[PDB]
Amino acid sequence: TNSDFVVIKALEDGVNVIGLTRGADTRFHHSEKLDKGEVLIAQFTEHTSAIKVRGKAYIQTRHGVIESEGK
Amino acid sequence: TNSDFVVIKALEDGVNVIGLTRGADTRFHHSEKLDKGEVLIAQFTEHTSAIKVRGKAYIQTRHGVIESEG
Amino acid sequence: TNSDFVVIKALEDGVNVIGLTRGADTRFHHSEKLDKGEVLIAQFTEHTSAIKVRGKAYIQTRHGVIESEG
Amino acid sequence: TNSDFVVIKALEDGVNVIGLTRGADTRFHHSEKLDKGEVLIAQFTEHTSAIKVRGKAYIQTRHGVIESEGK
Amino acid sequence: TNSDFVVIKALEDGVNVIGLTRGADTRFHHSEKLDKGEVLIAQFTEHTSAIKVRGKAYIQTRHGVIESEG
Amino acid sequence: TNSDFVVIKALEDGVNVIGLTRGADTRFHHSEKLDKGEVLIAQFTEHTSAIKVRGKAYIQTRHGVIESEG
Amino acid sequence: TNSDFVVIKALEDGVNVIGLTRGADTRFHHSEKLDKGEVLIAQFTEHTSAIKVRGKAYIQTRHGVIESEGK
Amino acid sequence: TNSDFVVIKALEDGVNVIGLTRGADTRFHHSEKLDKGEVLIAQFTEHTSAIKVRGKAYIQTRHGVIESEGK
Amino acid sequence: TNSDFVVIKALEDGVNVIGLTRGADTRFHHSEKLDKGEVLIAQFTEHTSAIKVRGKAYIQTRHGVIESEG
Amino acid sequence: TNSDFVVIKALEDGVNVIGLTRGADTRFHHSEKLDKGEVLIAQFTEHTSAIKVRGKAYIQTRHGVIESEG
Amino acid sequence: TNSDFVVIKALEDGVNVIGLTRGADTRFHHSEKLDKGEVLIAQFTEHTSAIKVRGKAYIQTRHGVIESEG
Ligand SMILES: N[C@@H](Cc1c[nH]c2ccccc12)C(=O)O
Ligand SMILES: N[C@@H](Cc1c[nH]c2ccccc12)C(=O)O
Ligand SMILES: N[C@@H](Cc1c[nH]c2ccccc12)C(=O)O
Ligand SMILES: N[C@@H](Cc1c[nH]c2ccccc12)C(=O)O
Ligand SMILES: N[C@@H](Cc1c[nH]c2ccccc12)C(=O)O
Ligand SMILES: N[C@@H](Cc1c[nH]c2ccccc12)C(=O)O
Ligand SMILES: N[C@@H](Cc1c[nH]c2ccccc12)C(=O)O
Ligand SMILES: N[C@@H](Cc1c[nH]c2ccccc12)C(=O)O
Ligand SMILES: N[C@@H](Cc1c[nH]c2ccccc12)C(=O)O
Ligand SMILES: N[C@@H](Cc1c[nH]c2ccccc12)C(=O)O
Ligand SMILES: N[C@@H](Cc1c[nH]c2ccccc12)C(=O)O
């Protein structure tokens, strides 16, 4: 429960924050839908070892700021 | 007990800090409502591995400041 | 017992620092009342995984200064 | 025996540094009274997970300086 | 679990982020296709000890920024 | 044996550096008397979880410099 | 799964990133070919305790930037 | 055996570095005399949880420089 | 498996990076030959507790840059 | 095998670097003589919990530079 | 296997890097001869708790640079 985390702010409606399964197999286990202006703060966990952001978002990680772009 | 935490200051009444379940499943287990000017300082835990904020709020984490908008 | 802590200085009477329970269940277990000018320094612990401040206060955490407003 | 500590310097007589119990219960377990100019350097411990300061004092923690103020 | 991670932002369609198997044997176990403007934040794990990026992408690691070329 | 320590330099004769007992009970277990110009470097330990300085002294900790007054 | 990693960007076709075996024995166990513009981010592991880069590449480690030169 | 240490440089003959016992009891267990210009680098240990310097000395610790003054 | 590492870049042909055995005995167990412009990133390990560089090379460690000379 | 270390450079012949025993008992167990210009890099260990330098020497520790004088 | 290491570059022929035994006993167990311009990167280990450099050499440690004079 001490893992890194990412901060995602949706810059439009319908931004998808997608968790990919930890392990030998890689698939999406969850998509969190964010509407404009909502903020999600999400850890890497026993179940999530990779995170995909789809749509326009402002993203902060330990390595700095990055922005996803929609459509 | 040592884990990261988030600071959320409500900038309007009814800000909703939403704790999502750690584990194979993902659903909210708790929603803490804040009135304007109230501050919540909240850890990631055995039970919460993601936090969502709805409503207008000033948020600080280890990565800096971010603001949610309602 | 080296987890993080928050410093709260009441800027008016009747400030409440509230501890939220760690675990599957989330409820308030203690509200500490601070009057004007008193300072509480409070850890995250086995029993407290989130802290709510109600009323006007100057707060310090590892992420910097925030102020709760009455 | 590795915890954070607080430094408290009394700026008037009768400063109370109060230890609150670690655990499911929260209660006062000790009040240390300081005369003006005395310095207490106090850790968080197995028994103390929250500290209250009453009266005028100069306080240092890892988060910087704060001052308590008296009635 | 507390591992390092890599941030990849596709600057064109069809970018591939490829995980290479941890262990005595080295082969591809997964490729994640990213379209333009999508962001992947991927850890090293029990199963992935090297990551290859093919196509035009903006990459952030602990060592700074690097860019792959299409 | 890796706990924090405090540096106390007595600025007058008769300075007392007092160790308070770790545990459920809080009481003075030792008072080290310092004369003008002597330096005591003292750890927090299994037996000492709080230190009180009485008398005029220049004090250094991890949080910086502070001075006790006569 | 905590080790350091190396970032390799190929500046020409046919760059080889080569892993040397951990243990009493030292030999190449894998050579990953990178074409121009591809980026490999590769950890030290239970099986790799040394990494050789051959060909023209831009390399980042904790210690800073370095460039391999081909031919 | 990775604890803090203090550096003590005698600025006159007869500087006395005094090690105080770890434990419920507190008394000195060792006194190490230094002549002018001699340097002692001394750790906190299983047996020493506090160190007292008598006499004129230049002292460095993690918290910076401090000087003891003689009598 | 997270020890320190050295970065060696050969500035001429025939540079040798030589691993010395960990343990009570000290002998060379491997010499890696680097030709001009090749880079070797080599850890200290269970088997290697000292590394010797013979020949002209640019070297980076945690303590900074050093150059061996042929 | 991971402790702090001290660097000592002899500025004259006959510099002594003396190890004091770790434990309840304190005594010199080794004295390493350094001639002018020689450098000794010496850890704290299971057997050495204090180090004395006698003679003119340039010394480096984590806390910076200090000089012993003959 | 993550002790500190020292970097030694010989500035003349015949530089000796001597390892001193860890333990209650202190003696030289190995001396590594370095010719001019050769570089040795040597760790502190289970068997080596002090390192002596004889001859003219440029040295880097975590505490910065020092030169032995030969
Ligand atoms: N139940 C999920 C919640 C989660 C955390 N981080 C995520 C990132 C994306 C999607 C879901 C999540 C988990 O513990 O892993
Ligand atoms: N009982 C919850 C309290 C909590 C901590 N962080 C939160 C964030 C959001 C909502 C609830 C919480 C827990 O230990 O997980
Ligand atoms: N008994 C409580 C004391 C406490 C610590 N931090 C708090 C924050 C708010 C309220 C009470 C507390 C506990 O150990 O958790
Ligand atoms: N199931 C994969 C998911 C993953 C994490 N990082 C990756 C990098 C590339 C490809 C897949 C991944 C794993 O845990 O290892
Ligand atoms: N299977 C290899 C993958 C690898 C990691 N780093 C490398 C560097 C070079 C070559 C292969 C690798 C391993 O776990 O070690
Ligand atoms: N016996 C108390 C001493 C103490 C430490 N920090 C304190 C803060 C306030 C009051 C008492 C204390 C304890 O070990 O917990
Ligand atoms: N035998 C003593 C040596 C010592 C270390 N630090 C000291 C400070 C003062 C006096 C003696 C010492 C010990 O291990 O504790
Ligand atoms: N015997 C005491 C020595 C001590 C360390 N720090 C102190 C501070 C004050 C008084 C005594 C001490 C102990 O180990 O705890
Ligand atoms: N098999 C060797 C490989 C190696 C790592 N670092 C080295 C430095 C020099 C020579 C060989 C090596 C080992 O694990 O130790
Ligand atoms: N076999 C020696 C190699 C060594 C490491 N560091 C040294 C310093 C000097 C001489 C030899 C060494 C050891 O593991 O300890
Ligand atoms: N055999 C000694 C070698 C040593 C290390 N540091 C020292 C300092 C002084 C004298 C000897 C030493 C030991 O392991 O402790």
Side-chain angles (χ1 to χ4, degrees), chain A residues 1-6 16-32 42-54 61, chain B residues 20-27 44 46 49-50, chain E residues 1-8 10 14-35 38-55 57 59 61-62 68, chain G residues 1-8 17-23 28-34 38-49 51, chain I residues 1-2:
Chain A
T1 93
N2 227 137
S3 299
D4 265 295
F5 64 89
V6 307
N16 298 295
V17 187
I18 307 167
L20 286 75
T21 53
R22 182 175 302 276
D25 308 324
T26 305
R27 26 165 286 267
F28 306 150
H29 62 83
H30 186 74
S31 183
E32 197 65 25
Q43 281 183 309
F44 292 112
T45 65
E46 175 177 356
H47 292 87
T48 304
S49 58
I51 294 171
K52 192 162 144 187
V53 179
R54 197 188 285 122
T61 78
Chain B
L20 269 22
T21 50
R22 185 169 301 276
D25 229 73
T26 304
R27 72 166 35 166
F44 288 112
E46 193 185 344
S49 56
Chain E
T1 222
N2 254 299
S3 302
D4 265 287
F5 66 85
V6 176
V7 172
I8 308 102
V15 163
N16 300 290
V17 179
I18 307 166
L20 281 77
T21 52
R22 176 176 311 269
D25 300 316
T26 308
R27 39 168 257 265
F28 294 171
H29 61 84
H30 183 74
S31 6
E32 190 58 45
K33 180 203 232 20
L34 301 185
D35 291 317
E38 299 175 347
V39 171
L40 188 73
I41 312 127
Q43 287 186 302
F44 291 109
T45 63
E46 185 184 333
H47 289 92
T48 301
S49 61
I51 299 159
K52 189 187 230 184
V53 185
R54 310 167 109 155
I59 297 165
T61 76
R62 155 203 252 72
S68 42
Chain G
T1 39
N2 222 304
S3 307
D4 242 304
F5 65 92
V6 177
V7 171
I8 308 95
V17 184
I18 311 164
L20 294 64
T21 53
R22 181 173 303 271
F28 298 159
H29 60 78
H30 178 76
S31 178
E32 184 69 27
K33 291 182 180 180
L34 323 188
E38 301 185 324
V39 170
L40 185 67
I41 313 110
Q43 292 187 292
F44 291 115
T45 60
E46 184 190 355
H47 295 85
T48 305
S49 61
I51 296 163
Chain I
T1 32
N2 197 359

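Every heavy atom of this structure was used, including side-chain atoms; hydrogens, water molecules and symmetry mates were not. A, B, ... follow the sequence lines: proteins, then strands. Residue 1 opens every chain.
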Is A/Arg22 salt-bridged to A/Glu46, going by a charged N under 4.0 Å from an acidic O?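 Between A/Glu46 and A/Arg22 there is no salt bridge, as every charged N stays at least 4.0 Å from the carboxylate O atoms.
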Do the non-hydrogen side-chain atoms of E/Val15 and E/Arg54 ever get within less than 4.5 Å of each other?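 Answer no - side chains too far apart.
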Mind checking whether E/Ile8 and E/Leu34 have side chains closer than 4.5 Å, heavy atoms only?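 Heavy-atom side-chain distance check passes, below 4.5 Å.
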Is it true that E/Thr48 and E/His29 share a donor-acceptor pair across their side chains at a distance under 3.5 Å?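 Yes.
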For the backbone of E/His30 and the side chain of A/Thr26, can you confirm whether one donor and one acceptor N or O come within less than 3.5 Å of each other?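 Looks like no, no N/O pair under 3.5 Å.
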Got a donor-acceptor contact below 3.5 angstrom from the E/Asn16 side chain to the E/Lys33 backbone?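 No.
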Inspect the surroundings of CG in A/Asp25 and state if more than 12 heavy atoms from other residues, nucleotides or ligands are less than 6.0 Å away.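 Not buried by this count: 12 neighbours or fewer within 6.0 Å.
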Nearest heavy-atom neighbours spanning [X] and [Y]:
X: E/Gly55; Y: E/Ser68; answer: O-OG, 2.9 Å
X: A/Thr45; Y: B/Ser49; answer: CG2-CB, 3.7 Å
X: E/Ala42; Y: A/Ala50; answer: CA-CB, 3.9 Å

Hey, could you give me the OG1/CG distance between G/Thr1 and E/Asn2, rounded to the nearest 0.5 Å?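 Reported to 0.5 Å precision, the distance equals 9.0 Å.
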Residue from A/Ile18, A/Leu20, A/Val6 passing side-chain contact (heavy atoms from CB on, under 4.5 Å) with A/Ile51: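 Filter result, single survivor: A/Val6.
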Report yes if the distance between the aromatic ring centroids of A/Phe44 and E/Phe5 is under 6.0 Å, otherwise no.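 Yes: the rings meet the under 6.0 Å criterion.
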